[PDB]
Amino acid sequence: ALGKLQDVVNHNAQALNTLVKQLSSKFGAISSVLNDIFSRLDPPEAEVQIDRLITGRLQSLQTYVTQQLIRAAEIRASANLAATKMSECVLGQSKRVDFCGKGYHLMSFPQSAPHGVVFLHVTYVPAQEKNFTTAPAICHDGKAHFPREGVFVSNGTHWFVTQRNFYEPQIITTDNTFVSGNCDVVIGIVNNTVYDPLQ
Amino acid sequence: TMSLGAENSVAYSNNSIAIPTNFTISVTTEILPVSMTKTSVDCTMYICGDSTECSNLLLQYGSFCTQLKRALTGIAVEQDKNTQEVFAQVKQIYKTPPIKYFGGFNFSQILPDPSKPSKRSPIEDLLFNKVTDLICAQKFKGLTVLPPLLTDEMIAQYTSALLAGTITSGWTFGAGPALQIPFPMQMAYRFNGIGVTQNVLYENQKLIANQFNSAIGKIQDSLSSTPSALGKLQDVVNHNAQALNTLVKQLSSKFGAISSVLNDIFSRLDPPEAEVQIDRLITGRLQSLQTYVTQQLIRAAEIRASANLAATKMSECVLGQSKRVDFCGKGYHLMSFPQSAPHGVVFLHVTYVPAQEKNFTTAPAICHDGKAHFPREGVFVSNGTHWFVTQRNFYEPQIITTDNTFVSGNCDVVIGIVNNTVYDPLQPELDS
Amino acid sequence: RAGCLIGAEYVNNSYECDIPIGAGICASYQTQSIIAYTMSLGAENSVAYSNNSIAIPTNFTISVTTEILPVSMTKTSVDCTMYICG
Ligand SMILES: *[C@@H]1O[C@H](CO)[C@@H](O[C@@H]2O[C@H](CO)[C@@H](O)[C@H](O)[C@H]2NC(C)=O)[C@H](O)[C@H]1NC(C)=O
Ligand SMILES: *[C@@H]1O[C@H](CO)[C@@H](O[C@@H]2O[C@H](CO)[C@@H](O)[C@H](O)[C@H]2NC(C)=O)[C@H](O)[C@H]1NC(C)=O
Ligand SMILES: *[C@@H]1O[C@H](CO)[C@@H](O[C@@H]2O[C@H](CO)[C@@H](O)[C@H](O)[C@H]2NC(C)=O)[C@H](O)[C@H]1NC(C)=O
Ligand SMILES: *[C@@H]1O[C@H](CO)[C@@H](O[C@@H]2O[C@H](CO)[C@@H](O)[C@H](O)[C@H]2NC(C)=O)[C@H](O)[C@H]1NC(C)=O
Ligand SMILES: *[C@@H]1O[C@H](CO)[C@@H](O[C@@H]2O[C@H](CO)[C@@H](O)[C@H](O)[C@H]2NC(C)=O)[C@H](O)[C@H]1NC(C)=O
Ligand SMILES: *[C@@H]1O[C@H](CO)[C@@H](O[C@@H]2O[C@H](CO)[C@@H](O)[C@H](O)[C@H]2NC(C)=O)[C@H](O)[C@H]1NC(C)=O
Ligand SMILES: *[C@@H]1O[C@H](CO)[C@@H](O[C@@H]2O[C@H](CO)[C@@H](O)[C@H](O)[C@H]2NC(C)=O)[C@H](O)[C@H]1NC(C)=O
Ligand SMILES: *[C@@H]1O[C@H](CO)[C@@H](O[C@@H]2O[C@H](CO)[C@@H](O)[C@H](O)[C@H]2NC(C)=O)[C@H](O)[C@H]1NC(C)=O
Ligand SMILES: *[C@@H]1O[C@H](CO)[C@@H](O[C@@H]2O[C@H](CO)[C@@H](O)[C@H](O)[C@H]2NC(C)=O)[C@H](O)[C@H]1NC(C)=O
Ligand SMILES: *[C@@H]1O[C@H](CO)[C@@H](O[C@@H]2O[C@H](CO)[C@@H](O)[C@H](O)[C@H]2NC(C)=O)[C@H](O)[C@H]1NC(C)=O
Ligand SMILES: *[C@@H]1O[C@H](CO)[C@@H](O)[C@H](O)[C@H]1NC(C)=O
């Protein structure tokens, strides 16, 4: 499960190893040891071997530094993402889809890991669905009624209004609907009774 | 001297407001690169070619080629990772019903075409024609191209499943199991999402469907006509070609030696200096390979950033409705549709744009019976002689009653409060 | 399309990818032998769309998932004189 973090560690180790292994290359010189070159050659002709060795080792170290800079940029991007997630999923509730887990985000908990962070996301998943017949508006007394905050459903014989994410049927009244226009504009309107709680 | 734009002055005052009276459905496009080419390099064939006597001297330079192979293999696997994390955002391969009636909305230009063997949409076919021997010549020098893991048909299948899910279920399939809903009711939910009431959609359904169909047709025509709309993808191709060409051009540079061909170097002069010139050529070619790998790494990092942005947009504009400004187009975001393009993705964003604004007088509160009244959900407007209350993004005046206002305090604190009547619906019923 | 594959039996079923060969071809160790197949994108599903039908959930589930992000890496220091000249 913790591969990503391990990958980071492994990468660094590899780099160091490679650098050490570059100390056994002679880069076209007669030997890989400076002491041998200086003790076997006279200085006017011993400069070319030392030049070759120095240039090769400088090139290796420069390559190491460049690879490190690129990796540091990537790690910085990851840490910026982690900081944004700490702000928006642990210190609040997020409406962005799939940002703080799969489902409707409820909350998050942070944990520390070697060189990293772990987020536990708690979300809400709907389940156990049923089929219903639905209409856009209800016709009553020549007027068109729309649900204030729900949706009209039918179980086969009678019409109710429910909230959209959890099934909870209720009687259609003038307190959970509003009127706009008449019954000859909306496509698919159905006839039913709207209950007045006052008369 | 370049001009920055056209000057405009807004008619600000203490009690003037502008309310839109119409709207427009807009569809716009966004192009994002996702992946780049996967290349492999053969050290021995590039540096020394066919001369095996050259291949012997390479062993005295350490592990310089294993490192380059490692870097290129990392880039290669990262490309497939990018594509997978952009396009494989669903678990079920959803299908669209055989009947293609969705309340008047057409959708035919973005749905797959069964006649063609590729099963691509009409718009997707046009994209794959705009974005487009040397390959064998480069192959004969140690430079090869690896095929991507997902084919074009599989990516088309992924986009088709995303489209079917979003057309039949709304945003429910991105948070769990897919729940079916009629399309006009979906778009009424989205109108609620942007702050407009449902009746506005249900009373203008034909006009909105016609506007959407016209916008999609215009997108098709504009893509067919303008050739420079896909330059974001083309650059990704071009930057590859140059990178290879330069590499080839480094195989004819002397690097200070007598000539570029090493066989003539071996056949002309004595080994004591042949070693020197061979070493010069080897160092030059190794340096060129290292440079190529370095800019390849930097380009891969940039492409990874672009692909992360594309995956976020797939999550937030296609699988949901976004309140972030300008993230899913210009306007108030309604929905989005994905299309696959060579090495990239195209998003068609459908947004709502207000139109035909009108001037009105306005007040913060209404004074009645020594009490201050504030609107519950809208704003108070005056057409000159009468006062109404309306919703903020669409002109629809209504009488001021106690059902669409609320009371707080008296008329001695609010600056700019006006006098009017608040109608009580209980008294007419009581007296009748 | 990636080349010539030797030592694997091609089967006509589809599974989730194990070892990517390329061009939609993956390989796995099953049965026991090594097989090559075309990867499956997912399970088939169809949604019952109609003029006036809606689906509404009656229950829910509380789900907890994990996300792992790297934050920092190792801090290294190099001495030129000892690495190059010893
Ligand atoms: C739809 O729901 C209504 C709920 O009111 C059901 O009507 C009730 O059914 C019960 C049977 O368990 C009766 O005891 C009640 O008297 C009924 N109410 C009324 C007002 O008559 C109705 O049966 C349901 N329809 C279906 C097909 O399940
Ligand atoms: C809902 O009720 C209205 C009237 O209450 C129905 O309208 C009638 O439709 C018939 C057609 O069969 C006409 O002959 C009548 O003149 C109409 N009446 C009025 C007052 O306009 C309407 O048909 C009903 N809805 C449905 C779906 O049947
Ligand atoms: C309404 O706007 C006008 C300007 O269009 C304001 O007029 C002057 O505003 C300054 C700012 O403090 C005052 O010192 C002046 O006394 C105002 N002029 C007059 C004739 O009153 C005006 O103040 C604004 N309304 C309110 C209530 O401040
Ligand atoms: C709102 O705008 C739409 C178009 O954007 C208007 O519908 C057009 O009306 C004119 C009449 O002047 C017709 O010629 C066009 O054919 C209509 N367009 C379409 C697409 O049908 C509509 O009238 C505007 N609303 C108001 C109240 O003016
Ligand atoms: C309601 O149900 C379906 C889904 O759109 C439609 O049924 C098909 O509609 C097309 C378009 O008119 C016809 O060509 C087909 O013959 C219909 N097939 C069947 C099996 O009904 C139906 O038309 C929709 N309602 C409306 C008003 O279009
Ligand atoms: C949906 O859009 C397609 C394409 O815009 C329409 O097909 C066109 O229909 C007209 C009239 O029949 C023809 O002149 C065009 O040649 C057709 N174009 C293509 C590409 O086939 C189609 O009529 C629209 N409506 C429906 C219900 O499919
Ligand atoms: C709302 O009222 C303002 C104020 O008069 C109008 O702005 C003026 O528009 C005319 C255009 O004929 C310009 O000549 C003036 O310079 C504008 N005045 C200012 C202060 O900018 C505005 O056009 C009106 N809007 C509507 C829809 O009627
Ligand atoms: C502002 O709106 C009010 C209410 O809509 C207008 O009053 C109506 O005007 C029409 C046309 O002049 C008459 O047919 C109605 O009888 C009026 N109703 C009432 C209750 O007076 C008013 O005319 C509009 N005023 C302006 C300046 O546009
Ligand atoms: C709204 O009505 C109240 C009461 O009718 C007004 O308050 C009066 O203001 C005049 C100023 O000309 C005073 O002479 C009266 O003594 C006030 N009466 C009371 C009971 O306070 C108020 O001015 C009106 N609103 C506006 C904007 O004029
Ligand atoms: C909603 O789902 C929960 C489980 O997530 C149901 O509770 C379980 O019901 C089964 C069957 O009766 C029992 O064996 C379990 O002990 C219950 N609890 C758990 C934690 O599983 C619950 O009954 C469902 N609600 C409805 C209305 O069916
Ligand atoms: C709704 O009915 C269809 C048949 O038209 C069925 O396939 C589907 O499973 C039903 N949905 C639910 C949630 O039972």
Side-chain angles (χ1 to χ4, degrees), chain A residues 18 21-22 24-30 32 48 51-53 55-56 59-60 62-63, chain B residues 36-76 133-147 239-297 299, chain C residues 2-4:
Chain A
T18 286
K21 299 291 180 68
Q22 302 276 15
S24 68
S25 311
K26 56 182 71 176
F27 304 113
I30 69 167
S32 281
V48 296
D51 202 81
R52 280 181 176 170
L53 276 187
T55 51
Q59 201 84 342
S60 313
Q62 177 71 246
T63 293
Chain B
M36 65 180 288
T37 312
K38 323 205 286 165
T39 68
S40 181
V41 167
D42 201 46
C43 278
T44 300
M45 200 162 159
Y46 177 78
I47 295 175
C48 292
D50 56 351
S51 80
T52 69
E53 68 275 16
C54 198
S55 296
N56 268 347
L57 299 94
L58 294 174
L59 277 296
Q60 274 97 48
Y61 287 90
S63 60
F64 272 45
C65 280
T66 51
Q67 184 177 2
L68 308 174
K69 275 182 63 178
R70 194 173 297 130
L72 291 187
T73 301
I75 300 175
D133 196 71
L134 183 74
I135 193 66
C136 311
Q138 276 165 340
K139 182 207 303 286
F140 292 146
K141 287 193 171 299
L143 315 174
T144 60
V145 173
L146 311 167
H239 282 252
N240 179 257
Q242 186 81 246
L244 283 188
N245 279 339
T246 298
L247 201 63
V248 168
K249 301 296 180 290
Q250 275 310 77
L251 278 181
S252 82
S253 76
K254 308 193 287 289
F255 294 130
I258 295 93
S259 65
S260 174
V261 290
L262 72 164
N263 200 237
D264 280 335
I265 293 297
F266 273 137
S267 71
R268 278 312 103 195
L269 56 89
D270 53 353
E273 208 57 39
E275 299 303 289
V276 174
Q277 272 77 348
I278 294 300
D279 271 327
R280 297 173 61 85
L281 276 193
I282 299 278
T283 48
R285 290 174 182 181
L286 278 181
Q287 196 156 313
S288 60
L289 277 183
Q290 266 283 355
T291 308
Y292 171 77
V293 169
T294 294
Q295 292 83 18
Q296 275 290 107
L297 287 167
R299 264 191 215 95
Chain C
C4 200

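Each chain gets a letter, A, B and so on, in the order the sequences are listed, and its residues count up from 1. Note that these values count all heavy atoms, side chains included, but never hydrogens, waters or copies made by symmetry.
Under the 4.5 Å side-chain criterion, counting only non-hydrogen atoms from C-beta, B/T144 is not in contact with B/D42. Annotation: side chain of B/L247 is not in contact with side chain of B/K141 (no heavy-atom distance under 4.5 Å). The side-chain heavy atoms of B/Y61 and B/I47, taken from C-beta on, include no pair separated by under 4.5 Å. Using a 4.5 Å heavy-atom cutoff, the side chains of B/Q287 and B/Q250 are not in contact. Side-chain contact check for B/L262 versus B/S51: some heavy-atom pair is nearer than 4.5 Å. Using a 4.5 Å heavy-atom threshold, the side chains of B/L68 and B/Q290 count as touching. Looking at heavy atoms from C-beta onward, B/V41 lies in side-chain contact with B/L143 at the 4.5 angstrom threshold. A 4.5 Å side-chain heavy-atom check between B/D279 and A/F27 finds every atom pair outside the cut-off.
When all heavy atoms of B/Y46 and B/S288 are compared, the pair lying nearest together is OH-OG, 3.5 Å. The shortest heavy-atom contact between B/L269 and B/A274 is CD1-N, 3.2 Å. Closest non-hydrogen pair, B/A257 versus B/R280, comes out as N-NE, 4.2 Å. Smallest separation of non-hydrogen atoms from B/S260 and B/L251: OG-O, 3.2 Å. Between B/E273 and B/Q277, the closest heavy-atom pair is O-OE1, 2.6 Å.
For the atom pair CZ (B/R268) and CG (B/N263), the distance works out to 10.0 Å, reported to the nearest 0.5 Å. Here CG of A/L53 is found 9.5 Å from CD1 of A/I30. Values are rounded to the nearest 0.5 Å. Here the NZ-OG distance, from B/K69 to B/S63, works out to 12.5 Å after rounding to the nearest 0.5 Å. Summarising the geometry, atom SG belonging to B/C48 is positioned 7.0 Å from atom CZ belonging to B/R285; distances are rounded to the nearest 0.5 Å. Taking NZ from B/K139 and OG from B/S40, the interatomic distance works out to 11.5 Å, rounded to the nearest 0.5 Å. With rounding to the nearest 0.5 angstrom, the CD1 atom of B/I278 is 5.5 Å from the SG atom of B/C54.
For B/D50, the CG atom is loosely surrounded, since the number of other residues' heavy atoms within 6.0 Å does not exceed 12.
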Might you work through the side-chain contact (heavy atoms from CB on, under 4.5 Å) test for B/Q295 and B/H239, ending with a clear yes or no? CA-CA 10 Å; B/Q295 292 83 18; B/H239 282 252; over 6 Å; no
Show the numbers, then the answer: is there a side-chain contact (heavy atoms from CB on, under 4.5 Å) between B/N240 and B/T39? CA-CA 10 Å; B/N240 179 257; B/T39 68; 4.0 Å; yes
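Between the A/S24 side chain and the A/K21 main chain, a donor and an acceptor come within less than 3.5 Å of each other.
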